[PDB]
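Below is one structure; the comments refer to it alone.
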Amino acid sequence: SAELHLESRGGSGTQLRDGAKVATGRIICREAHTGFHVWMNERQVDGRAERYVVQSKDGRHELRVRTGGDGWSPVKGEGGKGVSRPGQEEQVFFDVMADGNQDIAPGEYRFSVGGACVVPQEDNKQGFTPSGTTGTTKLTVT
Amino acid sequence: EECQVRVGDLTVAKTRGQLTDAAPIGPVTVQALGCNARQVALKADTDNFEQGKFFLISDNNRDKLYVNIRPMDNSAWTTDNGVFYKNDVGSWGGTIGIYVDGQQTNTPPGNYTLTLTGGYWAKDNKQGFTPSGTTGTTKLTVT
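Right, here's the structure in full:
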């Protein structure tokens, strides 16, 4: 159920340019779907689903991340917004490209990106999963 | 983290003849990076550092003047004429001035140069230094 696993391409960095990735996890789905429900849980700007400027663990440094996708679809999210990309696959990866562009001050950026894709109690049946898993990715500078 | 203390060469123009009692005459640009939990420490090289004293050597080697460094007006630092470090760990990067150790009369000099090493310090009086940065070269002009 759910089965969400995250992975980082390094862990930090101090000089993060635009288009630089930070985390790269993978999401899974069960049956036919059209949206891989994934979220970040940080500080989204209202209905911004596919891109949102996240914040650090301590709240003093902002880090914009282009996770969304290119091709994702804003169809609700759990926890902190999120988006769903074509969920026809059983397991896809989603990398969060950070649009920092400049240098980031030393700190820790923790993200709770995770997803389940599966639909809770709605018109689809499948395996009832009303709970989507969350993830944990830290970006400690070091 | 790391601790990478950056420093750059500088040249001041004030003669010893002025400095009567601990006065700042040379703000050395020191910028620490990543030292959020490390005590940034600067220490003159063995050629200018003798027994725990910092002194400027002449360009042609003639006279020496014992001087101590100070953060001017940046944060609280642990003073010492042989070892300079900050007791409070955290980010820092501000110009450290150069004071004088009980003057020295000042015999007609021309130029003075002093090499200051950078890094961090641990404990106290045990010479717990570590090269973590860059060695700067401070030049003092005298008359």
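Residue numbers (the deposited numbering), protein chains in the order written: chain A, 1 to 142; chain B, 1 to 143.
Each residue gets a CB set at the ideal place from its N, CA and C atoms; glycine is no exception.
For this session: Find the nearest neighbour of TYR99(B) within the set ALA32(B), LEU114(B), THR115(B), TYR66(B), judged by alpha-carbon distance.
Result: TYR66(B)
For this session: Note down, in chain order, every chain A residue with its Cβ under 9 Å from the Cβ of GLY34(B).
Result: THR14, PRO106, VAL141, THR142
Exercise. Any idea what DSSP makes of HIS5(A), helix, strand or coil?
Worked result: strand
Problem set entry | With 16 other Cβ atoms within 10 Å as the buried cut-off, status of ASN60(B) | exposed
Problem set entry | Sequence ranges, beta strand (DSSP E) only - wholly within the segment 92-142 of chain B, length at least 3 | 111-121, 129-131, 136-141
Exercise. According to the neighbour-count rule (16 or more other Cβ atoms, all chains shown, within 10 Å of its Cβ), is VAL83(A) buried or exposed?
Worked result: buried
For this session: Could you name the residues of chain A that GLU2(B) contacts, counting a contact when the two beta carbons are closer than 8 Å?
Result: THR142
For this session: Could you have a look at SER58(B) and say whether DSSP puts it in helix, strand or coil?
Result: strand
Problem set entry | Among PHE129(B), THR130(B), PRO131(B), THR117(B), the one whose alpha carbon lies nearest that of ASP9(B) | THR117(B)
For this session: Just the C-alpha distance for residue 168(B) and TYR120(B), rounded to the nearest angstrom, thanks.
Result: What the structure shows of chain B is the stretch from 1 to 143, and residue 168(B) is not part of that stretch, so it cannot be assessed.
Problem set entry | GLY107(A) - DSSP class collapsed to helix/strand/coil | coil
Exercise. For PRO120(A), which residues of its own chain have a beta-carbon under 6 Å away from its beta-carbon, when the five flanking residues on both sides are left out?
Worked result: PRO130
Problem set entry | Other residues of its chain near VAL7(B): CB distance less than 6 Å, five sequence neighbours each side excluded | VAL30, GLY118, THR134, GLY136
Problem set entry | Proximity winner among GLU108(A), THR133(A), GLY68(A), relative to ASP58(A) (alpha-carbon distances) | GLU108(A)
Exercise. In whole angstroms, what is the alpha-carbon distance linking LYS125(A) and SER73(A)?
Worked result: 21 Å
Problem set entry | First and last residue of the uninterrupted beta strand (DSSP E) at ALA20(A) | 18-28
Exercise. Cβ of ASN81(B) within 7 Å of Cβ of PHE49(B)?
Worked result: no
For this session: Within the same chain, show all residues whose beta-carbon is closer than 6 Å to that of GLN55(A), passing over the 5 residues directly before and after it, in chain order.
Result: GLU42, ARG43, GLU62
Exercise. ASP46(A) and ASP99(A): beta carbons closer than 7 Å?
Worked result: no
Problem set entry | Which listed residue (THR24(A), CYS117(A), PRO106(A)) has its alpha carbon closest to that of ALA32(B) | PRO106(A)
Exercise. How long is the line joining the alpha carbons of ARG51(A) and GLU31(A), rounded to whole angstroms?
Worked result: 27 Å
Exercise. Using the rule of at least 16 other Cβ atoms within 10 Å of the residue's Cβ for burial, across every protein chain shown, is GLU122(A) buried or exposed?
Worked result: exposed
For this session: May I have the straight-line CA-CA distance separating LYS86(B) from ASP45(B), to the nearest angstrom?
Result: 19 Å
Exercise. Which residues mark the beginning and the end of the beta strand (DSSP E) in which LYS64(B) is found?
Worked result: 64-66
For this session: Quick one: residues in its chain with C-beta nearer than 7 Å to the C-beta of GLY132(A), no 5 flanking neighbours on either side, listed in chain order?
Result: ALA2, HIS37, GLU78, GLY114, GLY115, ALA116
Problem set entry | Residues that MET97(A) bridges to, as DSSP identifies them | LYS21(A), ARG66(A)
Problem set entry | Rounded C-alpha distance that separates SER12(A) from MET40(A) | 17 Å
For this session: May I ask which residues mark the beginning and end of the beta strand (DSSP E) holding residue 198(B)?
Result: Lying outside 1 to 143, the shown extent of chain B, residue 198(B) is not represented and no answer is given.
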